[PDB]
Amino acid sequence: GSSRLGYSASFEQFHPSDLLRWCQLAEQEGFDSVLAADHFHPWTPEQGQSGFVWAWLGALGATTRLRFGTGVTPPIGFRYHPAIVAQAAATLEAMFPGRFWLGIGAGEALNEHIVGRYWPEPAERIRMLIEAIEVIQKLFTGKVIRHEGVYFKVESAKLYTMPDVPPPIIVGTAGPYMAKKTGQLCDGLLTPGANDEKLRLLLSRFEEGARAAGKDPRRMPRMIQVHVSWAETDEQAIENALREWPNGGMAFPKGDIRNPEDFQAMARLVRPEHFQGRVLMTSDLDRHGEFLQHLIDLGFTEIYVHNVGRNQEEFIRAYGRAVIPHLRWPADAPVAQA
């Protein structure tokens, strides 16, 4: 199994020009793919950014050979109508064949609240996401389609710019129910870092869903997104997590909180202990290696790593040299693409 790893492009924290440069470097350093946040707002003012991912993805596509995906876009009609997400996905895949994966989810109020609409509870947003998947799949047939359901209405519509093979639809979720639905309805799973018991359960539910739908889950992407803090010292790594990613230490439902200023005030309660299992904080690059290998061993076929510190260039070079070449991937592991 040949050398590789995913890089998480944190739109919440970094200017898109910096992200583009760092992705180009990550490619040179042995990373093979990019996960890009679809935000309108950062979690906190101190993070201080939120570029429009869809424009940036065109730049990335045109200046690298990396695979890339949204992690994740909510196509449930607040910022984005599902038909527009479908078109955007189809266009990226058409321009960069084999390279794009459409990552979708149920959304956060932080981003969606700007349009001033009723914000459903999570279970209802899941129902919206399932209907949005239906819309996207209809459009991905490349024919004239119509749709009318509980949440969305689509008049006669066709994607004329449509690749021969649609990009994969990946659902980002930590919910057991949706993980099973993902296996059933979509092409692969993306989930956050969590303890072994939860990760195993989500994998198991995804597999159950796939198999009951007649699909082989061993050939479907199982992707995980993790957060780490590497720096020259442990002390600096911890301080970076506290300053840059206090939301990482918030082990509670965050999808109803509307403002960066709200998270900013909540952040004041966060302490180093709260990052346990959520942000790996250490200068020891062997420990970073072991953490990632463990996740491969659980059966994840791709790992996207978000380094929370502003030392992105140093992180990328350190991983390229001391982490990525030592990871052992299974020989035939499925990657997000077609």
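One-based numbering along the sequence shown.
Between the stretches 12 to 20 and 325 to 333, it is 325 to 333 that shows the larger average CA temperature factor. Of the two stretches examined, 51 to 59 and 266 to 274, the record assigns the greater average C-alpha temperature factor to 266 to 274. Highest CA B-factor among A179, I104, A212, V115, as stated in the entry: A212. Among all modelled residues in this chain, the alpha-carbon of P42 has a temperature factor (C-alpha) in the lowest third. Ranked within its chain, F96 lands in the highest third, by CA B factor from the PDB record.
When all modelled residues of the chain are sorted by CA temperature factor, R310 is found within the highest third.
Among all modelled residues in this chain, the alpha-carbon of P253 has a temperature factor (C-alpha) in the highest third. The PDB entry assigns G69 a C-alpha temperature factor belonging to the lowest third of its chain's modelled residues.
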